[PDB]
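1. model this:
(chains A, B, C, D and E, ligands or ions: 18)
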Amino acid sequence: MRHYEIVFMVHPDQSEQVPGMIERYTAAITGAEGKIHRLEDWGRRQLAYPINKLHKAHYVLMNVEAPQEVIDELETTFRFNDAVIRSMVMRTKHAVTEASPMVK
Amino acid sequence: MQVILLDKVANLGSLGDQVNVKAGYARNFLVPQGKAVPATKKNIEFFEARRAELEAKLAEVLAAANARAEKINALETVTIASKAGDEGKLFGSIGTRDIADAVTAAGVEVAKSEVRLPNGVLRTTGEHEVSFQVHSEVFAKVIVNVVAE
Amino acid sequence: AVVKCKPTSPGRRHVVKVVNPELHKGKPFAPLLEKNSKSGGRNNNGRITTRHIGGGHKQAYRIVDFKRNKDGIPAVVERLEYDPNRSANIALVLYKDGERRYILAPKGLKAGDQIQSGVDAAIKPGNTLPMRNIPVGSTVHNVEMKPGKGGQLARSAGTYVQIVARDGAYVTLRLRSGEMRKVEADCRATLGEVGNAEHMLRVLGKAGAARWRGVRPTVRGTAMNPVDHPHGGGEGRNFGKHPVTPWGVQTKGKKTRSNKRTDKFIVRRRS
Amino acid sequence: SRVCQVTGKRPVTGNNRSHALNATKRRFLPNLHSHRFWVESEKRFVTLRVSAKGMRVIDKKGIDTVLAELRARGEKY
RNA sequence: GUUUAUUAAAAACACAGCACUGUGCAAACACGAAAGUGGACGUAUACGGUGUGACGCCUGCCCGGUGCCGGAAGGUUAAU
Ligand SMILES: [Mg+2]
Ligand SMILES: [Mg+2]
Ligand SMILES: [Mg+2]
Ligand SMILES: [Mg+2]
Ligand SMILES: [Mg+2]
Ligand SMILES: [Mg+2]
Ligand SMILES: [Mg+2]
Ligand SMILES: [Mg+2]
Ligand SMILES: [Mg+2]
Ligand SMILES: [Mg+2]
Ligand SMILES: [Mg+2]
Ligand SMILES: [Mg+2]
Ligand SMILES: [Mg+2]
Ligand SMILES: [Mg+2]
Ligand SMILES: [Mg+2]
Ligand SMILES: [Mg+2]
Ligand SMILES: [Mg+2]
Ligand SMILES: [Mg+2]
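-> Numbers count the residues shown, from 1 in each chain, chains lettered A, B, ... in the order given. Ligands and ions are numbered 1, 2, ... in the order given. Sure, the structure comes next:
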C-alpha cells in the first residue's frame, strides 16, 4: 500500500516494555493486513543533545507497508504515550528490507 | 496544664511523669487518646500508688501483643490483581482499606492507621514496599504486587 | 450560522440570529424536566437583592449531568436540544442499559457519536476522565473543583480550560479568564470546548429581546436624585464625583476579593 | 443564641465613648465556640457552644462535673 | 416604547449597541445582629456596577491635583 518508515525514541527507563510495544504495533499492522519488512531495535543510544532533560534514549526502527489509517492511529498512540518521547514517520517510495548501516 | 502520663511520649516524659503541657495538646490529643490524665492531686493519689505499675503492665502486654503481631507480619507477599492500563499506569488503585482488605484475606485482619505509605495510592502495577506502624516502635513490611487484571 | 436580518422594520434592522438546524424541533425529554419558578431578584424577605431582573419567558429546567458518574458504560448521542436555562446546547444521550441523560454539548459533537466516561475512557471530545489520566496541554470543560461535586468551570457556550501542569496531587489550569488555578488531580473533566461558540455573535436588535430574557431596564445613576444614588443631582448634567456603586463603593478599578481561604489555590490573578 | 452553656454568659450592652465622650450603644458578645469535649465516662464526644472561660472551667473542674451541673440546671447537651 | 394619578409627554428616562472595571464559585454584590436567601439550581461567550447611547466617520494632548492600582527599601506610627 503506502510504504512507511517509522522510528521512535523511547524513554530509557521504559526499555523493558519495548517488545510489548513492538508486539502491539505489529499486531495492529498485521491485523490491518500490513507487512513488516525490517524491525531493528537500536538499543539505548546517547543523544546528540538532551531532549526532555535526559541524555539517552531507546531507539526502534520499523519499516511497514500498511494503510494510512492504522498509521495515524499509531501516531496517536505515540502522541498519548508518555513512554515514547519522539516519533517520526517518513513516507518511503518502496519497501526496504536491508539492515541499517548502524544495525551493523 | 500539669498532666500525668500513661505512656511514654517521645519528647517530654515516660509513663508516670507529671509534666506541664499546653492545654490544647492535653485536651485534644492526649486525654482523648487515653495517653494522659490532668494532674489533679486526687488523680495523683489515684495513679501513683496503684497505677504506677498497672499502666506499665498493660502497656507492656500491649507492646508484646503488637510486637508479636509485627513478628508474624512475615507473610511477606500480597498479589492484588487490580485493573490496569497498558505500560504501567494502573487503572484502579490499592488504598489503605484495600491493603487491609488483602492482608485480612491473607494474614492478619489489619486496620488502616497502622499502614505507612509515602504516596499512598500507588496506582501502578508492579512491585513496591509498604511499611506498617502497628506499634509506636515495631513496624512491619509486606511486599505487595499490584498486578494488572 | 449567524443570519443578518433584512431591515423590514426597525428592531429587525440590527438583528443577527444564531440559527442551528441540528437542534431538535420537538419537545424535550419529559422525565429530565422540572419546574423553574421565577424570582424577580427577590429573596425570602421579598426585597430586591439583585436589581434589573424580572419578567421573561417561562422556562422549564433541564436536569443536566455534571457529575458524570456512569463509568465504563458507553453512550450514544441521541439528539441535540436547546436549553433556555443556559447558553450552551445540550445533548440527549442514551446509555446501553437504557438510561437517558442530558450532557453539555461539545463543539464537534453530533447525533450518533459514542461517548464514555470513566478512567478507561478514550481521549476524544466528549469523554470524561480524571485529570491525572488526561494529558497535559489539553482543552477540557465541565471541570470539577472538588472530586464528585460536579463540574463548575467552563460551562458557557464556547469555553474551555487548558491543563498546563501537574505536580502530584494537583494540576494547574489556565482558566478562560486567564487565571492560573490549582485543582486536585482526581477531579473529573470533559474533553473539548463547549459547543455554541457563536452565541456571542448575536445581536438582540431591540429592547424587547432583552425583556424576553428577563432583563429589566437599567437606570443610570446620575439621572437620579441624590437621595437615590450618590451620582444623583445636578442642575444640568453634572458628575463632579468619583464613580461609585449605589452604596458608595468605587467601581472603576477597585478590587473586591476578600477570600483568604482560597489564596493558596490561586497561582496568578487575571490580567 | 449567644449564650455560653456552661457559665451562662450573655451579650451585655454598653457604650462606645469617643474622645469627645460621644456615647453610642454597643454590645459585648462572649467568645463562644462550639467544641467537642471527650467524655471518658460516656466514652463519646459532646459538642458544647462554650466560651473560653468555660473551657478553663472544664479544664479545672472536669467535663463530668459540668454536665452534672447542666442537668441540675435542666439544660440539654 | 416610558414619565411628573390631579397645571410639564418633552430635546427628559429607557433602549439595542459600545467601553471601563470587579468577580474563580461557599463568586462579587445585596437583604438580613445571625441562620439563611437572591444572584443561580447559573460558572468568565457568565453575573454585577458605572458611563455612553442605533448606524457611518471618528474618539487627539495632559497623571501636575484628586481618586484608584501596584510596590515594599527607608522614615513615622496603635493596642501590647
Ligand atoms: Mg443590572
Ligand atoms: Mg445597559
Ligand atoms: Mg440605562
Ligand atoms: Mg431628574
Ligand atoms: Mg449621598
Ligand atoms: Mg451645566
Ligand atoms: Mg464643571
Ligand atoms: Mg443619650
Ligand atoms: Mg412615541
Ligand atoms: Mg400615565
Ligand atoms: Mg400632570
Ligand atoms: Mg399633559
Ligand atoms: Mg447561595
Ligand atoms: Mg445621555
Ligand atoms: Mg478622550
Ligand atoms: Mg494621579
Ligand atoms: Mg497604595
Ligand atoms: Mg508608621
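
2. Going by C-alpha atoms from here, please, whenever you check contacts or count neighbours.
-> OK.

3. Is residue D:55 in a helix, a strand, or coil?
-> Using DSSP: H, G, I helix; E, B strand; the rest coil, the structure places residue D:55 in helix.

4. how many neighbours does it have?
-> Under the neighbour criterion other C-alpha atoms under 10 Å in any protein chain shown, residue D:55 is assigned a count of 21.

5. Tell me the spacing between it and RNA strand E.
-> Distance, residue D:55 to RNA strand E, by C-alpha to the nearest atom of the strand, to the nearest Å: 22 Å.

6. Show me what residue 39 bridges to in the sheet.
-> Answering for chain A, as no chain was given. Listed beta-bridge partners, residue A:39: residue A:62 (assigned using DSSP bridges).

7. um, chain D though
-> Beta-bridge partners of residue D:39, counted by DSSP bridges, are residue D:44.

8. That one: what's it in contact with?
-> Residue D:39 sits next to D:45, D:46, D:63, D:64 when contact means C-alpha atoms under 8 Å, 6 or more residues apart in numbering or on different chains.

9. make it 7 Å
-> By C-alpha atoms under 7 Å, 6 or more residues apart in numbering or on different chains, the contact list for residue D:39 reads D:45, D:46, D:63.

10. State the number of residues packed around the first one.
-> I take that to be residue D:45. So residue D:45, with other C-alpha under 10 Å, has 13 neighbours.

11. How about the last one?
-> When neighbours are counted by other C-alpha under 10 Å, residue D:63 registers 19.

12. Kindly report the same for the second one.
-> Using other C-alpha under 10 Å, residue D:46 is surrounded by 15 other residues.

13. Then it would be within a strand, right?
-> Yes. Looking at residue D:46 with three-state DSSP, it is inside a strand.

14. residue contacts, it?
-> D:36, D:37, D:38, D:39.

15. Now flag whichever of those is closest to residue C:239.
-> Nearest to residue C:239 out of these is residue D:36 (C-alpha to C-alpha; 56.8 Å).

16. Not counting its neighbours along the chain, what's nearest residue C:71?
-> Nearest residue to residue C:71, sequence neighbours excluded (C-alpha to C-alpha, 6 or more residues apart in numbering or on different chains): residue C:118, at 4.1 Å.

17. measure that neighbour to ligand 3 for me?
-> Distance from residue C:118 to ligand 3, counting by C-alpha to the ion, to the nearest Å: 49 Å.

18. Next one: that residue relative to residue A:96, how far apart?
-> 42 Å (C-alpha to C-alpha, to the nearest Å).

19. Please parse chain C into its domains.
-> C:1-113, C:117-194, C:195-271 (CATH domains of a matching chain).

20. so which of those gets nearest residue A:28?
-> Residue A:28 sits nearest to domain C:117-194 of all these, at 17.3 Å, using C-alpha to C-alpha.

21. count of residues packed around the closest residue in space to residue C:162 that isn't next to it in sequence?
-> Closest residue in space to residue C:162, ignoring its immediate chain neighbours: residue C:139 at 4.6 Å, by C-alpha to C-alpha, 6+ apart. Residues lying near residue C:139 (other C-alpha under 10 Å) number 22.

22. what about the strands in chain D?
-> Using DSSP state E, the strands of chain D run over D:12-17, D:23-28, D:32-39, D:44-51.

23. Which neighbouring elements make contact with the second one?
-> For strand D:23-28, the contact count by 3 or more C-alpha pairs under 7 Å, 6 or more residues apart in numbering or on different chains; DSSP states H and E identifies strand D:12-17 as packing neighbours.

24. Direction included, what does the strand it packs on pair up with?
-> strand D:23-28 (antiparallel).

25. What lies in contact with the strand it pairs with?
-> D:11, D:12, D:13, D:14, D:15, D:16, D:17.

26. contacting residues for the last one?
-> Contact partners of residue D:17, counting by C-alpha under 7 Å, 6+ apart, are D:23, D:24.

27. Then the first one?
-> With contacts defined as C-alpha under 7 Å, 6+ apart, the neighbours of residue D:11 are D:2, D:27, D:28, D:29, D:30.

28. One more: the fourth one?
-> Residue D:14 makes contact with D:25, D:26, D:27 under the criterion C-alpha under 7 Å, 6+ apart.

29. Which residue, other than its chain neighbours, is closest to the last one?
-> The one in question is residue D:27. That would be residue D:13: by C-alpha to C-alpha, 6+ apart, it lies 4.4 Å from residue D:27.

30. In chain B, which residue sits nearest RNA strand E?
-> Here chain B gets closest to RNA strand E at one residue, residue B:22, 20.0 Å apart by C-alpha to the nearest atom of the strand.

31. Chain neighbours aside, what residue packs nearest to that residue?
-> For residue B:22, the spatially nearest residue (C-alpha to C-alpha, 6+ apart) is residue B:1, at 5.8 Å.

32. Hmm, that neighbour is touching residue B:21, no?
-> Yes. Residue B:1 lies in contact with residue B:21 (C-alpha atoms under 7 Å); the separation is 5.3 Å.

33. tell me the SS of the residue in chain C positioned nearest to chain D?
-> The minimum distance from chain C to chain D, using C-alpha to the nearest C-alpha, falls at residue C:261 (19.7 Å). Following three-state DSSP, the label given to residue C:261 is coil.

34. Just give the number of residues close to residue 72.
-> Just so you know, I chose chain A. Each residue near residue A:72 was counted by other C-alpha under 10 Å, and the total is 12.

35. The intended chain is chain D.
-> Residues near residue D:72, counting by other C-alpha under 10 Å, number 9.

36. Ok, the one 3 residues further on next?
-> Summarising burial for residue D:75: neighbours were counted as other C-alpha under 10 Å, giving 12.
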